[PDB]
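Structure, as structure tokens:
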Amino acid sequence: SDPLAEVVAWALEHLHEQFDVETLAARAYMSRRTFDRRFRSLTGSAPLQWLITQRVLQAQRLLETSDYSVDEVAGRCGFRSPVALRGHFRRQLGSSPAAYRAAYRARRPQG
DNA sequence: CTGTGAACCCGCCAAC
DNA sequence: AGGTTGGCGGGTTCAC
């Protein structure tokens, strides 16, 4: 029975919502400073970095599986604006959302 | 790009 | 003499 773990699982399932890190902290019955420390010490990353990281990976999935527009995806991935999506996506994957989907559909027409 | 304002987040450290 | 906690300061990142 692990509340730090339970909140991580909860985050994944509920990536599409937008929440304070302070929120996650509360949902894990910890002070911020504890949450922050214990999170990183478990996760390898800090909360909103990990959030971003995860949200991006969901974008990557939707860009592969679905036909939602880049702008429709940012919403489904919890990004507050389509401009933030491009930003974090480009930074950790190496190309824009569209350009990534474009290369994929070409290289792997079949899925 | 540029700019303002808020959020994060990690070292430091006294305090259990 | 081992360890976890949590406010606080404020550079860096995020967001618009």
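Ligands are numbered from 1 in the order shown, chains are lettered A, B, ... in the order of the structure tokens, and residues start at 1 in each chain.
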
Check: Counting only C-alpha atoms (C1' of nucleotides), which residues from chain B have an atom at most 10 Å from any atom of chain A, and could you show them as a VMD selection string?
Finding: chain B and resid 7 to 10

So that I have them on file, write out the residues from the current selection with N, CA, C and O atoms (P, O5', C5', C4', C3', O3' and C1' of nucleotides), as an mmCIF file, in the first residue's frame.
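So the final result, stored in selection14.cif, reads:
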```cif
data_model
loop_
_atom_site.group_PDB
_atom_site.id
_atom_site.type_symbol
_atom_site.label_atom_id
_atom_site.label_comp_id
_atom_site.auth_asym_id
_atom_site.auth_seq_id
_atom_site.Cartn_x
_atom_site.Cartn_y
_atom_site.Cartn_z
ATOM 1 P P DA B 7 1.151 30.500 -9.373
ATOM 2 O "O5'" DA B 7 2.234 29.489 -9.964
ATOM 3 C "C5'" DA B 7 1.889 28.603 -11.008
ATOM 4 C "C4'" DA B 7 3.041 27.656 -11.245
ATOM 5 C "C3'" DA B 7 3.356 26.750 -10.066
ATOM 6 O "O3'" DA B 7 3.393 25.411 -10.532
ATOM 7 C "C1'" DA B 7 5.324 27.881 -10.797
ATOM 8 P P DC B 8 3.600 24.179 -9.530
ATOM 9 O "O5'" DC B 8 5.124 23.820 -9.798
ATOM 10 C "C5'" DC B 8 5.543 23.675 -11.129
ATOM 11 C "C4'" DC B 8 7.054 23.715 -11.216
ATOM 12 C "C3'" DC B 8 7.788 22.671 -10.382
ATOM 13 O "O3'" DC B 8 8.783 22.094 -11.183
ATOM 14 C "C1'" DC B 8 8.710 24.759 -10.023
ATOM 15 P P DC B 9 9.214 20.582 -10.966
ATOM 16 O "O5'" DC B 9 10.816 20.635 -10.820
ATOM 17 C "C5'" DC B 9 11.511 21.856 -10.549
ATOM 18 C "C4'" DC B 9 12.679 21.652 -9.583
ATOM 19 C "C3'" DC B 9 12.580 20.480 -8.608
ATOM 20 O "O3'" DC B 9 13.852 20.199 -8.108
ATOM 21 C "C1'" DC B 9 12.478 22.413 -7.373
ATOM 22 P P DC B 10 14.771 19.109 -8.797
ATOM 23 O "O5'" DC B 10 16.140 19.237 -7.963
ATOM 24 C "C5'" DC B 10 17.095 20.279 -8.264
ATOM 25 C "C4'" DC B 10 17.694 20.875 -6.996
ATOM 26 C "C3'" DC B 10 18.048 19.873 -5.894
ATOM 27 O "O3'" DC B 10 19.300 20.237 -5.353
ATOM 28 C "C1'" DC B 10 16.714 21.565 -5.005
#
```

Next item on the list: Tell me, as a PyMOL selection string, which residues lie within 12 Å of residue 7 in chain C, counting only C-alpha atoms (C1' of nucleotides); anything in the same chain fewer than 4 positions away does not count.
Entry: (chain A and resi 31-34) or (chain B and resi 12-15)

Note to self: Residues of chain C within 9 Å of chain A, counting only C-alpha atoms (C1' of nucleotides), what are they? List them as a list in words.
What the structure shows: residues 5, 6, 7 and 15 of chain C

Note to self: Taking 4 positions as the minimum chain separation for residues in the same chain, which residues sit within 10 Å of residue 75 in chain A when counting only C-alpha atoms (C1' of nucleotides)? Answer as number ranges by chain.
What the structure shows: A: 16-18, 59, 70-71, 79-82, 85

Would you write out those residues with N, CA and C atoms, as an mmCIF file, in the first residue's frame?
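Written output follows (part-v5.cif):
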```
data_model
loop_
_atom_site.group_PDB
_atom_site.id
_atom_site.type_symbol
_atom_site.label_atom_id
_atom_site.label_comp_id
_atom_site.auth_asym_id
_atom_site.auth_seq_id
_atom_site.Cartn_x
_atom_site.Cartn_y
_atom_site.Cartn_z
ATOM 1 N N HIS A 16 -4.961 13.648 -18.938
ATOM 2 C CA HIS A 16 -5.702 14.610 -19.761
ATOM 3 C C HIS A 16 -6.194 15.839 -18.986
ATOM 4 N N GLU A 17 -6.281 15.716 -17.664
ATOM 5 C CA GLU A 17 -6.645 16.843 -16.806
ATOM 6 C C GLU A 17 -5.418 17.697 -16.522
ATOM 7 N N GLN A 18 -5.647 18.957 -16.161
ATOM 8 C CA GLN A 18 -4.557 19.845 -15.765
ATOM 9 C C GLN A 18 -4.581 20.147 -14.258
ATOM 10 N N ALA A 59 1.077 12.149 -26.295
ATOM 11 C CA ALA A 59 0.974 12.833 -27.586
ATOM 12 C C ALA A 59 1.512 11.932 -28.669
ATOM 13 N N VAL A 70 -3.084 18.132 -34.595
ATOM 14 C CA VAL A 70 -2.081 18.516 -33.602
ATOM 15 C C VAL A 70 -2.738 19.297 -32.464
ATOM 16 N N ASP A 71 -3.617 20.232 -32.822
ATOM 17 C CA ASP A 71 -4.280 21.084 -31.833
ATOM 18 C C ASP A 71 -5.326 20.319 -31.006
ATOM 19 N N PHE A 79 -1.942 19.375 -22.375
ATOM 20 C CA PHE A 79 -1.234 20.613 -22.667
ATOM 21 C C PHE A 79 -2.220 21.768 -22.743
ATOM 22 N N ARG A 80 -1.890 22.870 -22.072
ATOM 23 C CA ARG A 80 -2.813 24.006 -21.956
ATOM 24 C C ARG A 80 -2.956 24.803 -23.254
ATOM 25 N N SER A 81 -1.930 24.743 -24.104
ATOM 26 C CA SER A 81 -2.009 25.312 -25.446
ATOM 27 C C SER A 81 -1.195 24.484 -26.448
ATOM 28 N N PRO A 82 -1.648 24.447 -27.718
ATOM 29 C CA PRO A 82 -0.969 23.715 -28.790
ATOM 30 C C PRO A 82 0.467 24.169 -28.986
ATOM 31 N N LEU A 85 2.685 22.231 -26.549
ATOM 32 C CA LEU A 85 2.898 20.888 -27.078
ATOM 33 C C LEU A 85 4.118 20.872 -27.982
#
```
